[PDB]
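This report concerns only the one structure given below.
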Amino acid sequence: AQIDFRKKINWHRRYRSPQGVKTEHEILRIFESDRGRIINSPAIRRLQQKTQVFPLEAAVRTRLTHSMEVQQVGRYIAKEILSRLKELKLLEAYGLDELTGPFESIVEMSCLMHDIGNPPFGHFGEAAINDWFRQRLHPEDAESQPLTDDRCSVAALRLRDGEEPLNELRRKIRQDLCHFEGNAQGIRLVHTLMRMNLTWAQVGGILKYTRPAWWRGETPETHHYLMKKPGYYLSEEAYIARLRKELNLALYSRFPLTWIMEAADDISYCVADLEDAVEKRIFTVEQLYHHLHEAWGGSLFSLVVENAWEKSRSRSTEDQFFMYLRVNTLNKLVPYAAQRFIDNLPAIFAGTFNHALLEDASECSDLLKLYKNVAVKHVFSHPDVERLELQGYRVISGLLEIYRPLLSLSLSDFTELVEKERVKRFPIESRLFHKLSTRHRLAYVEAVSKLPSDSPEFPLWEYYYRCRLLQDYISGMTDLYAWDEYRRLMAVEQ
Amino acid sequence: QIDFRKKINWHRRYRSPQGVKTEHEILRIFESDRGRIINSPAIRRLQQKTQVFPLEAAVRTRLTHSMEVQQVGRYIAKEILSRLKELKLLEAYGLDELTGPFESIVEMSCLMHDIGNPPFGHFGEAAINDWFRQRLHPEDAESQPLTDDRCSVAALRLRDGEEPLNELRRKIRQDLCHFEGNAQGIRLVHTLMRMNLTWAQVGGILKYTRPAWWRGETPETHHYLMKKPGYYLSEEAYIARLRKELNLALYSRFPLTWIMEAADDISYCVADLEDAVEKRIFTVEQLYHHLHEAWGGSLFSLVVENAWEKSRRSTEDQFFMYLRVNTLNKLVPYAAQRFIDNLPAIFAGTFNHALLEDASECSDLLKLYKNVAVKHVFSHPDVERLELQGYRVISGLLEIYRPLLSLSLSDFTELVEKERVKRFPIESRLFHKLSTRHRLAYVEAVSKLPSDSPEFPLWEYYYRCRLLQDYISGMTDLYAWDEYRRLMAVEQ
Ligand code: NI
Ligand code: NI
């Protein structure tokens, strides 16, 4: 092989693509166009009110501010990597000499969008959606040979005896629909839903996992880490294939700048969650310092944490302590992350590298695990947080049940509903339908129209795309919007 | 005579970097600035102060707006630097090793451009000033001591024969009635949050150069830079040191500011229109017609009509994508060109115009967006009601804390020192409710004073009022509203 980043940092687009030879400048302007597209997308503002950890009530992080923090850390790691590469006289050799700006920016924006796909109430929205679609589709009963009391409630998707091609499609659909995941939904959102038409490189930095959502069974040994969670849905399959071709990815391989983004997320996530914890008066700073000292056991802790504490004891103490905790943490981990990226650059470039930059038995990872431990033991277990998670789960389950009658309809009927807009014998599901976002309905019409109308696959694909539509609509909501819809449609408030 | 090494100053007020530095070490310093800002509570507090509409999610907040402005500022900065490189002027102006810093300072100046604003924005302003006017009446201190001086504070009332003390009284009364977002921003970044930014960075926040205590007309040659107050009587010393570190003449301004300002103008106009359509006030076609009518190969044809033609994904999104893109592709180059064309004056910090404020077609496009906005959006009864409400809320909080300002020096001082005073239950608890940061700022400032001087009661009262304004202006919309409701015993 060889490391030529010109072959990875691909400034083409899916639609209306830039063509031909380009100035270093023209390339830069393209990736800046990407920045504009993202910073101005509704998806991002929607982040400015999805909950991070605490109920919104102002100084507490939201998905947005967290994403901005991650962006900053990503920038710092990218800059350290590029700078070390310049000191190693390796920048030209790796084809990065005219792509430093793009490199940096792709990382920054990949960070900003790392949460773009998450549904309201985060991992509990996820939980709610998957659990609901599991109770309706039971993918576990499609694992092997057709079960004679197949628990799935959808006639079309139930495994029928003798028709193994159709049965395989049924299998994939049922598994896929029960594996909604923030990142996969993120790819879907950026491409099919918002139609942002980013550069291939930029979309690549969003693809954080490489397992198909419809995946059943164990993951390959050699790819365990990159396939921890679903990375793309059955729908984006074609798209993801083209993406692989444009970014020179082997199957289940990942874009490199992703590894960078990931590391940034880990760092920011840990430290910030602790600071917010102190801000919500859960524990004082001293209490935090003791929990850390105890949960640990010239070492790293001494440097980062104990020096942060000593600085803190000689502006406001909470702010001083956390300023220097952040600073010291970053000054230890960011160089390490950079060093790991470079040391492992062949594998990371290939996109096959089966570890995180930080996931280790290295002291650095242990520091991160320390923050995460204190967080999960003394913050995420707090009754107000837990209550909010419970509530969110009820709200999303509730909405899904409210729109159930859209998924109850036969192909004939639902299609009639799409075409006539307002159906006389179907008042409720007509109005339920109108309540779906035009963006999402459009995506449905678009996807269904591209189908072989007479093929036996059609009812299956249609049902899939219809469920896909409903999940699009729900996952697209902010916490407050989802909660509010739930309350109004339950006729609890006007 | 343009040496940007003399403006892009990487020193700090406290614990400053000293000596010779690598281009890299300089970069790392300005990145440290970025970190300090992006992680400051002030910025998240922006993620819920209202921009135009009530929070209810797709609508802009002070934060998202600030991010949009940041992007436009970055683009303008890059265009300026790039045009300077094409003119072979980059080395000559001392920017060849400061391109990263240049860009970054602009970006962050943008992100912080709203950091100072009080809850409910210009109506919080209104409320604060109007309240302190009813209490201090600066208009009665304009000239010679008035014998029925309407001011209700014994110490600050103009007394006959004592013209030095009278001048101090004059400045204090005028200053306290001229609370302004930007001045409060300087105060916030420096005295309150103690962020200790670089001088250059603080400089990009200083948008106006008129002292808050200014009375009478502004100089002819500086009319534009002194439209609004830029710094309070307290930050006076600080601002002086800032002038020395950034090589500013009196009432002169930092350059990168002009850039930030232009970014604000652009993204503010376009965005407000988009959000207007999102809140279903008018459709896209309705908007296009309001624009076409309110106008009159020209610019409109290019930017707006081409946006509309492209528009005919979702139509609202397509139209606004290309409206934003075309607008930027016209105005950002122009802004850059204006910055460079006028670089001597802008560098000096004396340039008496905005990059965009003109009779130039570009400014007219902006004025067009602003006109359609102010006529068909800001006049919408729901916006107006929110402004009215906000003014009531801030006026209400100020009245609620009034008894802290009613106390004598002796008594209020006793309150500060003993923390809980037995004969003063209410004002004790009111006092405890003030943020420790703000109270600390008060103690800090008062302790530095000549304890026996006749100026002391005056300065103390000033700093006390300063304290209360710090606390109120520091709130988010929702927090201020909520405090007003709870302290009125309307909700538990
Ligand atoms: Ni995250
Ligand atoms: Ni603004």
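Chain identifiers are assigned as A, B, and so on, following the order in which chains appear in the structure tokens; residues are numbered from 1 within each chain, and ligands are numbered from 1 in order of appearance.
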**Test item: residues at most 10 Å from residue B:56, only C-alpha atoms, excluding those fewer than 5 positions along its chain, as a VMD selection string** = chain A and resid 480 to 481 484
Write the residues of the selection above to a file with C-alpha atoms, as a tab-separated table (two decimals), in the first residue's frame.
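Output (out.tsv):
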chain	number	residue	atom	x	y	z
A	480	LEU	CA	-39.61	19.33	24.20
A	481	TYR	CA	-41.40	18.94	20.90
A	484	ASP	CA	-45.42	18.43	23.83
Near-ligand residues for ligand 2, threshold 12 Å, only C-alpha atoms and all ligand atoms, as a PDB file with N, CA and C atoms, in the first residue's frame:
ATOM      1  N   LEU B  46     -26.015  31.765  26.465  1.00  0.00           N
ATOM      2  CA  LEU B  46     -26.557  32.131  25.141  1.00  0.00           C
ATOM      3  C   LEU B  46     -27.481  31.071  24.542  1.00  0.00           C
ATOM      4  N   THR B  50     -33.397  34.593  24.212  1.00  0.00           N
ATOM      5  CA  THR B  50     -34.182  34.711  22.968  1.00  0.00           C
ATOM      6  C   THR B  50     -33.511  35.602  21.926  1.00  0.00           C
ATOM      7  N   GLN B  51     -33.552  35.173  20.665  1.00  0.00           N
ATOM      8  CA  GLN B  51     -33.039  35.975  19.553  1.00  0.00           C
ATOM      9  C   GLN B  51     -34.112  36.951  19.087  1.00  0.00           C
ATOM     10  N   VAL B  52     -35.207  36.404  18.558  1.00  0.00           N
ATOM     11  CA  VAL B  52     -36.358  37.198  18.130  1.00  0.00           C
ATOM     12  C   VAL B  52     -37.661  36.607  18.671  1.00  0.00           C
ATOM     13  N   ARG B  60     -33.783  30.385  15.961  1.00  0.00           N
ATOM     14  CA  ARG B  60     -32.475  30.799  16.452  1.00  0.00           C
ATOM     15  C   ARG B  60     -32.521  31.231  17.916  1.00  0.00           C
ATOM     16  N   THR B  61     -31.441  30.950  18.623  1.00  0.00           N
ATOM     17  CA  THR B  61     -31.195  31.548  19.919  1.00  0.00           C
ATOM     18  C   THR B  61     -29.946  32.430  19.806  1.00  0.00           C
ATOM     19  N   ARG B  62     -29.639  33.207  20.841  1.00  0.00           N
ATOM     20  CA  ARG B  62     -28.416  33.998  20.825  1.00  0.00           C
ATOM     21  C   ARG B  62     -27.211  33.127  20.432  1.00  0.00           C
ATOM     22  N   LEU B  63     -27.195  31.863  20.851  1.00  0.00           N
ATOM     23  CA  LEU B  63     -26.057  30.994  20.548  1.00  0.00           C
ATOM     24  C   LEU B  63     -25.980  30.628  19.080  1.00  0.00           C
ATOM     25  N   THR B  64     -27.043  30.069  18.520  1.00  0.00           N
ATOM     26  CA  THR B  64     -26.981  29.645  17.130  1.00  0.00           C
ATOM     27  C   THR B  64     -26.720  30.841  16.247  1.00  0.00           C
ATOM     28  N   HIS B  65     -27.384  31.951  16.533  1.00  0.00           N
ATOM     29  CA  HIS B  65     -27.091  33.176  15.808  1.00  0.00           C
ATOM     30  C   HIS B  65     -25.616  33.515  15.890  1.00  0.00           C
ATOM     31  N   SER B  66     -25.066  33.487  17.094  1.00  0.00           N
ATOM     32  CA  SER B  66     -23.645  33.752  17.254  1.00  0.00           C
ATOM     33  C   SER B  66     -22.786  32.778  16.431  1.00  0.00           C
ATOM     34  N   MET B  67     -23.163  31.509  16.337  1.00  0.00           N
ATOM     35  CA  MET B  67     -22.396  30.562  15.523  1.00  0.00           C
ATOM     36  C   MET B  67     -22.453  30.907  14.038  1.00  0.00           C
ATOM     37  N   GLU B  68     -23.632  31.320  13.574  1.00  0.00           N
ATOM     38  CA  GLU B  68     -23.806  31.747  12.187  1.00  0.00           C
ATOM     39  C   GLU B  68     -22.909  32.960  11.888  1.00  0.00           C
ATOM     40  N   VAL B  69     -22.924  33.922  12.808  1.00  0.00           N
ATOM     41  CA  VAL B  69     -22.090  35.101  12.659  1.00  0.00           C
ATOM     42  C   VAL B  69     -20.642  34.698  12.621  1.00  0.00           C
ATOM     43  N   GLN B  70     -20.267  33.755  13.473  1.00  0.00           N
ATOM     44  CA  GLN B  70     -18.911  33.226  13.488  1.00  0.00           C
ATOM     45  C   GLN B  70     -18.518  32.683  12.130  1.00  0.00           C
ATOM     46  N   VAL B  72     -19.785  33.466   9.132  1.00  0.00           N
ATOM     47  CA  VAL B  72     -19.625  34.589   8.199  1.00  0.00           C
ATOM     48  C   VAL B  72     -18.337  35.383   8.460  1.00  0.00           C
ATOM     49  N   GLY B  73     -17.982  35.556   9.726  1.00  0.00           N
ATOM     50  CA  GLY B  73     -16.765  36.254  10.090  1.00  0.00           C
ATOM     51  C   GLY B  73     -15.537  35.514   9.604  1.00  0.00           C
ATOM     52  N   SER B 109     -14.461  36.650  18.382  1.00  0.00           N
ATOM     53  CA  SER B 109     -15.103  37.933  18.598  1.00  0.00           C
ATOM     54  C   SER B 109     -16.554  37.845  18.179  1.00  0.00           C
ATOM     55  N   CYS B 110     -16.801  37.109  17.098  1.00  0.00           N
ATOM     56  CA  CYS B 110     -18.164  36.854  16.645  1.00  0.00           C
ATOM     57  C   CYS B 110     -18.947  36.065  17.674  1.00  0.00           C
ATOM     58  N   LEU B 111     -18.393  34.927  18.079  1.00  0.00           N
ATOM     59  CA  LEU B 111     -19.052  34.067  19.054  1.00  0.00           C
ATOM     60  C   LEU B 111     -19.426  34.791  20.358  1.00  0.00           C
ATOM     61  N   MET B 112     -18.617  35.771  20.765  1.00  0.00           N
ATOM     62  CA  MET B 112     -18.864  36.545  21.996  1.00  0.00           C
ATOM     63  C   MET B 112     -19.590  37.872  21.801  1.00  0.00           C
ATOM     64  N   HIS B 113     -20.092  38.132  20.598  1.00  0.00           N
ATOM     65  CA  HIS B 113     -20.570  39.476  20.297  1.00  0.00           C
ATOM     66  C   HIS B 113     -21.833  39.790  21.093  1.00  0.00           C
ATOM     67  N   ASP B 114     -22.458  38.744  21.632  1.00  0.00           N
ATOM     68  CA  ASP B 114     -23.724  38.908  22.327  1.00  0.00           C
ATOM     69  C   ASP B 114     -23.628  38.566  23.789  1.00  0.00           C
ATOM     70  N   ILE B 115     -22.414  38.258  24.203  1.00  0.00           N
ATOM     71  CA  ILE B 115     -22.162  37.704  25.519  1.00  0.00           C
ATOM     72  C   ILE B 115     -22.676  38.622  26.642  1.00  0.00           C
ATOM     73  N   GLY B 116     -22.668  39.922  26.391  1.00  0.00           N
ATOM     74  CA  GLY B 116     -22.998  40.882  27.419  1.00  0.00           C
ATOM     75  C   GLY B 116     -24.473  41.160  27.590  1.00  0.00           C
ATOM     76  N   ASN B 117     -25.264  40.913  26.552  1.00  0.00           N
ATOM     77  CA  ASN B 117     -26.677  41.309  26.550  1.00  0.00           C
ATOM     78  C   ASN B 117     -27.472  40.749  27.747  1.00  0.00           C
ATOM     79  N   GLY B 121     -32.994  41.177  26.000  1.00  0.00           N
ATOM     80  CA  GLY B 121     -32.232  42.032  25.113  1.00  0.00           C
ATOM     81  C   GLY B 121     -32.408  43.521  25.312  1.00  0.00           C
ATOM     82  N   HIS B 122     -32.881  44.168  24.269  1.00  0.00           N
ATOM     83  CA  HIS B 122     -32.883  45.606  24.250  1.00  0.00           C
ATOM     84  C   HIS B 122     -33.981  46.115  25.163  1.00  0.00           C
ATOM     85  N   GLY B 181     -25.387  46.436  26.496  1.00  0.00           N
ATOM     86  CA  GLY B 181     -24.873  45.105  26.228  1.00  0.00           C
ATOM     87  C   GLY B 181     -23.366  44.983  26.088  1.00  0.00           C
ATOM     88  N   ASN B 182     -22.774  45.820  25.245  1.00  0.00           N
ATOM     89  CA  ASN B 182     -21.354  45.688  24.933  1.00  0.00           C
ATOM     90  C   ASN B 182     -20.455  46.065  26.087  1.00  0.00           C
ATOM     91  N   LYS B 207     -16.796  47.181  20.861  1.00  0.00           N
ATOM     92  CA  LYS B 207     -17.419  47.528  19.593  1.00  0.00           C
ATOM     93  C   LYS B 207     -17.679  49.008  19.481  1.00  0.00           C
ATOM     94  N   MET B 260     -16.120  41.590  12.492  1.00  0.00           N
ATOM     95  CA  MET B 260     -17.196  40.957  13.281  1.00  0.00           C
ATOM     96  C   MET B 260     -18.543  41.609  13.007  1.00  0.00           C
ATOM     97  N   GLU B 261     -18.577  42.922  13.201  1.00  0.00           N
ATOM     98  CA  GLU B 261     -19.715  43.786  12.887  1.00  0.00           C
ATOM     99  C   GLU B 261     -20.374  43.479  11.543  1.00  0.00           C
ATOM    100  N   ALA B 262     -19.569  43.425  10.484  1.00  0.00           N
ATOM    101  CA  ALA B 262     -20.139  43.093   9.175  1.00  0.00           C
ATOM    102  C   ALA B 262     -20.806  41.717   9.181  1.00  0.00           C
ATOM    103  N   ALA B 263     -20.127  40.749   9.796  1.00  0.00           N
ATOM    104  CA  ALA B 263     -20.700  39.407   9.867  1.00  0.00           C
ATOM    105  C   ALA B 263     -22.084  39.415  10.566  1.00  0.00           C
ATOM    106  N   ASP B 264     -22.143  40.108  11.703  1.00  0.00           N
ATOM    107  CA  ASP B 264     -23.383  40.268  12.453  1.00  0.00           C
ATOM    108  C   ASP B 264     -24.490  40.792  11.550  1.00  0.00           C
ATOM    109  N   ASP B 265     -24.254  41.936  10.900  1.00  0.00           N
ATOM    110  CA  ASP B 265     -25.263  42.525   9.999  1.00  0.00           C
ATOM    111  C   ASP B 265     -25.849  41.506   9.002  1.00  0.00           C
ATOM    112  N   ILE B 266     -24.963  40.890   8.222  1.00  0.00           N
ATOM    113  CA  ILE B 266     -25.418  39.899   7.245  1.00  0.00           C
ATOM    114  C   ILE B 266     -26.299  38.762   7.792  1.00  0.00           C
ATOM    115  N   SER B 267     -25.705  37.962   8.679  1.00  0.00           N
ATOM    116  CA  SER B 267     -26.407  36.753   9.108  1.00  0.00           C
ATOM    117  C   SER B 267     -27.680  37.089   9.878  1.00  0.00           C
ATOM    118  N   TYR B 268     -27.652  38.184  10.641  1.00  0.00           N
ATOM    119  CA  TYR B 268     -28.841  38.664  11.349  1.00  0.00           C
ATOM    120  C   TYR B 268     -30.022  38.912  10.394  1.00  0.00           C
ATOM    121  N   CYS B 269     -29.815  39.733   9.361  1.00  0.00           N
ATOM    122  CA  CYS B 269     -30.912  39.967   8.400  1.00  0.00           C
ATOM    123  C   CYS B 269     -31.479  38.677   7.761  1.00  0.00           C
ATOM    124  N   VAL B 270     -30.609  37.959   7.038  1.00  0.00           N
ATOM    125  CA  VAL B 270     -31.087  36.766   6.319  1.00  0.00           C
ATOM    126  C   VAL B 270     -31.806  35.765   7.237  1.00  0.00           C
ATOM    127  N   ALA B 271     -31.168  35.468   8.379  1.00  0.00           N
ATOM    128  CA  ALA B 271     -31.679  34.470   9.334  1.00  0.00           C
ATOM    129  C   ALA B 271     -33.042  34.848   9.863  1.00  0.00           C
ATOM    130  N   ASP B 272     -33.189  36.117  10.249  1.00  0.00           N
ATOM    131  CA  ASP B 272     -34.472  36.565  10.775  1.00  0.00           C
ATOM    132  C   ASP B 272     -35.567  36.314   9.745  1.00  0.00           C
TER     133      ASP B 272
END
**Long-range neighbours of stretch 371-387 of chain A as a list in words, 8 Å cut-off, only C-alpha atoms, 4 positions minimum in chain** =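 Result of the neighbour search: residues 53, 54, 55, 270, 271, 273, 274, 277, 282, 291, 292, 295, 367 and 391 of chain A.
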**Item:** d(atom CA of residue A:435, atom CA of residue A:421) in Å
**Value:** 11.6 Å
Set the distance at 10 Å and use only C-alpha atoms: which residues neighbour stretch 163-175 of chain B once local chain neighbours fewer than 4 positions away are removed? I'd like the list as a compact mmCIF listing (two decimals) with N, CA, C and O atoms, in the first residue's frame.
# COMPACT_ATOMS: atom_id res chain seq x y z
N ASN B 129 -32.25 50.74 32.44
CA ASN B 129 -31.96 52.16 32.34
C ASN B 129 -33.11 53.00 32.84
O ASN B 129 -32.89 53.95 33.57
N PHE B 132 -33.28 52.90 36.67
CA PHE B 132 -32.21 53.68 37.29
C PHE B 132 -32.31 55.16 36.98
O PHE B 132 -31.71 55.97 37.69
N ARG B 133 -33.05 55.52 35.94
CA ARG B 133 -33.31 56.92 35.63
C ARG B 133 -34.33 57.49 36.59
O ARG B 133 -34.13 58.56 37.15
N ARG B 135 -34.74 56.54 39.46
CA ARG B 135 -34.09 56.68 40.77
C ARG B 135 -32.95 57.72 40.83
O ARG B 135 -32.73 58.32 41.88
N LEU B 136 -32.25 57.94 39.72
CA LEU B 136 -31.02 58.76 39.74
C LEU B 136 -31.09 60.06 38.96
O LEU B 136 -30.28 60.96 39.20
N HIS B 137 -32.03 60.15 38.03
CA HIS B 137 -32.24 61.34 37.18
C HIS B 137 -30.97 62.05 36.75
O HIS B 137 -30.67 63.13 37.23
N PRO B 138 -30.22 61.44 35.82
CA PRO B 138 -28.96 62.06 35.40
C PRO B 138 -29.18 63.39 34.69
O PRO B 138 -28.29 64.23 34.69
N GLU B 139 -30.37 63.59 34.13
CA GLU B 139 -30.68 64.82 33.40
C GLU B 139 -30.54 66.09 34.27
O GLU B 139 -30.33 67.19 33.76
N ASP B 140 -30.64 65.92 35.59
CA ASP B 140 -30.59 67.04 36.52
C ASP B 140 -29.17 67.34 36.96
O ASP B 140 -28.94 68.20 37.79
N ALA B 141 -28.21 66.60 36.41
CA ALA B 141 -26.83 66.86 36.76
C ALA B 141 -26.07 67.39 35.56
O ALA B 141 -24.85 67.45 35.58
N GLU B 142 -26.80 67.79 34.51
CA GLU B 142 -26.18 68.24 33.26
C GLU B 142 -25.26 69.44 33.47
O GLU B 142 -24.14 69.46 32.96
N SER B 143 -25.73 70.42 34.24
CA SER B 143 -24.97 71.66 34.45
C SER B 143 -24.82 72.00 35.94
O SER B 143 -24.54 71.13 36.76
N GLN B 144 -25.00 73.28 36.27
CA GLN B 144 -24.87 73.78 37.64
C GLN B 144 -25.91 73.16 38.57
O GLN B 144 -27.04 72.91 38.14
N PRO B 145 -25.53 72.91 39.84
CA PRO B 145 -26.38 72.22 40.83
C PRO B 145 -27.82 72.73 40.92
O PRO B 145 -28.04 73.91 41.23
N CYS B 151 -32.84 63.61 41.98
CA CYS B 151 -32.20 62.36 42.36
C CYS B 151 -32.49 61.98 43.81
O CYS B 151 -32.42 62.82 44.70
N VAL B 153 -30.93 59.75 45.76
CA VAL B 153 -29.79 59.28 46.54
C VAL B 153 -28.98 60.45 47.10
O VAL B 153 -28.29 61.16 46.36
N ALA B 155 -26.21 60.98 48.66
CA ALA B 155 -24.80 61.12 48.36
C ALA B 155 -24.53 61.64 46.93
O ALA B 155 -23.61 62.42 46.71
N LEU B 156 -25.36 61.22 45.98
CA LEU B 156 -25.14 61.53 44.57
C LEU B 156 -25.81 62.82 44.09
O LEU B 156 -25.61 63.25 42.95
N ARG B 157 -26.61 63.43 44.96
CA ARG B 157 -27.26 64.69 44.63
C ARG B 157 -26.20 65.79 44.54
O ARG B 157 -25.33 65.87 45.39
N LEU B 158 -26.28 66.62 43.50
CA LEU B 158 -25.32 67.72 43.32
C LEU B 158 -25.39 68.73 44.46
O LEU B 158 -26.40 69.41 44.63
N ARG B 159 -24.31 68.83 45.23
CA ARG B 159 -24.21 69.79 46.32
C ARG B 159 -23.44 71.04 45.89
O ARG B 159 -22.52 70.97 45.07
N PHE B 179 -26.54 51.51 31.00
CA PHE B 179 -26.25 50.10 30.82
C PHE B 179 -26.39 49.73 29.36
O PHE B 179 -27.40 50.03 28.74
N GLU B 180 -25.39 49.07 28.81
CA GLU B 180 -25.43 48.67 27.42
C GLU B 180 -24.76 47.32 27.27
O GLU B 180 -23.69 47.09 27.84
N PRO B 211 -17.48 56.32 26.35
CA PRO B 211 -17.65 55.99 27.76
C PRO B 211 -19.11 56.12 28.17
O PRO B 211 -19.79 57.04 27.73
N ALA B 212 -19.59 55.20 28.99
CA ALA B 212 -20.98 55.19 29.40
C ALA B 212 -21.39 56.50 30.09
O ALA B 212 -22.54 56.95 29.98
N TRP B 213 -20.44 57.11 30.79
CA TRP B 213 -20.70 58.33 31.55
C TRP B 213 -20.71 59.56 30.66
O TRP B 213 -20.81 60.68 31.16
N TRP B 214 -20.57 59.36 29.36
CA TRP B 214 -20.49 60.47 28.44
C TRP B 214 -21.80 61.24 28.45
O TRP B 214 -22.88 60.66 28.42
N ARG B 215 -21.68 62.56 28.51
CA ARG B 215 -22.83 63.44 28.48
C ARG B 215 -22.58 64.46 27.38
O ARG B 215 -21.43 64.84 27.13
N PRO B 229 -22.79 53.44 24.33
CA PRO B 229 -21.68 53.27 25.28
C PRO B 229 -20.87 52.02 24.99
O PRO B 229 -21.42 51.02 24.52
N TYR B 231 -17.98 51.11 27.25
CA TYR B 231 -17.37 50.65 28.50
C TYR B 231 -17.84 51.49 29.67
O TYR B 231 -18.10 52.68 29.52
N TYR B 232 -17.95 50.89 30.85
CA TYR B 232 -18.43 51.65 31.99
C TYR B 232 -17.32 52.35 32.75
O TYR B 232 -16.14 52.10 32.55
N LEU B 233 -17.74 53.21 33.67
CA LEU B 233 -16.83 53.93 34.54
C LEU B 233 -15.87 53.01 35.30
O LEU B 233 -14.76 53.42 35.63
N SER B 234 -16.28 51.78 35.58
CA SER B 234 -15.45 50.85 36.35
C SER B 234 -14.33 50.28 35.51
O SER B 234 -13.18 50.27 35.93
N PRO B 454 -13.62 61.54 50.83
CA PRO B 454 -15.03 61.92 50.67
C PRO B 454 -15.64 61.29 49.42
O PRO B 454 -16.87 61.27 49.30
N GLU B 455 -14.81 60.78 48.51
CA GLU B 455 -15.29 60.11 47.31
C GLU B 455 -15.91 58.75 47.63
O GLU B 455 -16.76 58.26 46.89
N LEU B 458 -19.72 57.73 47.48
CA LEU B 458 -20.11 57.80 46.08
C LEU B 458 -19.70 56.54 45.33
O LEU B 458 -20.55 55.84 44.76
N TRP B 459 -18.40 56.25 45.33
CA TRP B 459 -17.89 55.06 44.66
C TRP B 459 -18.58 53.79 45.13
O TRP B 459 -18.88 52.91 44.32
N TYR B 461 -21.63 53.46 46.45
CA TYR B 461 -22.98 53.36 45.93
C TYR B 461 -22.94 52.95 44.46
O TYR B 461 -23.73 52.10 44.01
N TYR B 462 -22.00 53.54 43.72
CA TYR B 462 -21.86 53.22 42.31
C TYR B 462 -21.64 51.73 42.14
O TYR B 462 -22.35 51.08 41.39
N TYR B 463 -20.68 51.19 42.88
CA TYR B 463 -20.32 49.78 42.79
C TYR B 463 -21.41 48.85 43.28
O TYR B 463 -21.47 47.68 42.91
N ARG B 466 -23.81 48.83 40.51
CA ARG B 466 -23.10 48.08 39.50
C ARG B 466 -23.37 46.63 39.80
O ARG B 466 -23.80 45.89 38.91
**Within 12 Å of ligand 1, counting only C-alpha atoms and all ligand atoms, residues as an NGL selection string** = :A and (47 or 51-53 or 61-71 or 73-74 or 110-118 or 122-123 or 182-183 or 208 or 261-273)
**Message:** Ranking B:288, B:320, B:10, B:351 by minimum distance to residue B:245 and counting only C-alpha atoms, which one comes first?
**Reply:** B:10
Could I get the residues of stretch 315-358 of chain A with an atom no further than 10 Å from an atom of stretch 23-45 of chain B, each paired with its nearest atom pair and that distance in Å to one decimal, using only C-alpha atoms, sorted by chain and residue number, as a Markdown table?
| residue | atom | partner | partner_atom | distance |
| --- | --- | --- | --- | --- |
| A:319 | CA | B:40 | CA | 9.2 |
| A:323 | CA | B:36 | CA | 7.9 |
| A:326 | CA | B:35 | CA | 9.4 |
| A:327 | CA | B:35 | CA | 8.8 |
Suppose we keep N, CA and C atoms; can you now write the selection as a PDB file, in the first residue's frame?
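In the end it all went to selection_21.pdb:
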ATOM      1  N   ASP A 319     -14.645  26.962  38.975  1.00  0.00           N
ATOM      2  CA  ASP A 319     -14.196  27.351  37.644  1.00  0.00           C
ATOM      3  C   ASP A 319     -12.691  27.156  37.462  1.00  0.00           C
ATOM      4  N   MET A 323     -11.217  24.469  34.909  1.00  0.00           N
ATOM      5  CA  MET A 323     -10.414  25.020  33.834  1.00  0.00           C
ATOM      6  C   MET A 323      -9.148  24.199  33.734  1.00  0.00           C
ATOM      7  N   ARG A 326      -9.612  20.425  32.768  1.00  0.00           N
ATOM      8  CA  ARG A 326      -9.750  20.338  31.315  1.00  0.00           C
ATOM      9  C   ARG A 326      -8.401  20.519  30.639  1.00  0.00           C
ATOM     10  N   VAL A 327      -7.706  21.591  30.991  1.00  0.00           N
ATOM     11  CA  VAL A 327      -6.466  21.909  30.309  1.00  0.00           C
ATOM     12  C   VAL A 327      -5.449  20.788  30.467  1.00  0.00           C
TER      13      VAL A 327
END
**Request:** Choose the residue, out of A:303, A:470, A:417, A:390, that has the smallest atom-to-atom separation from residue A:363; count only C-alpha atoms.
**Result:**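 Smallest distance to residue A:363 is found for A:303.
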**Asked** stretch 121-338 of chain A: which residues are helix (DSSP H, G or I) by DSSP, as a ChimeraX atom specification?
**Response** /A:123-137,139-142,155-157,164-177,182-193,200-204,221-223,237-247,256-279,285-296,300-312,317-338
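In terms of minimum interatomic distance to chain A, B:478 ranks closest within B:478, B:416, B:383, B:374, counting only C-alpha atoms.
If only C-alpha atoms are the atoms counted, then among A:469, A:194, A:238, A:304 the closest residue to chain B is A:194.
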**Prompt:** Which residues of chain A are close to chain B, meaning at most 8 Å apart when you count only C-alpha atoms, and how do they look as a ChimeraX atom specification?
**Reply:** /A:36,39-40,42,45-46,48-49,58-61,65,68-69,72,194-195,315-316,323,439,478,481
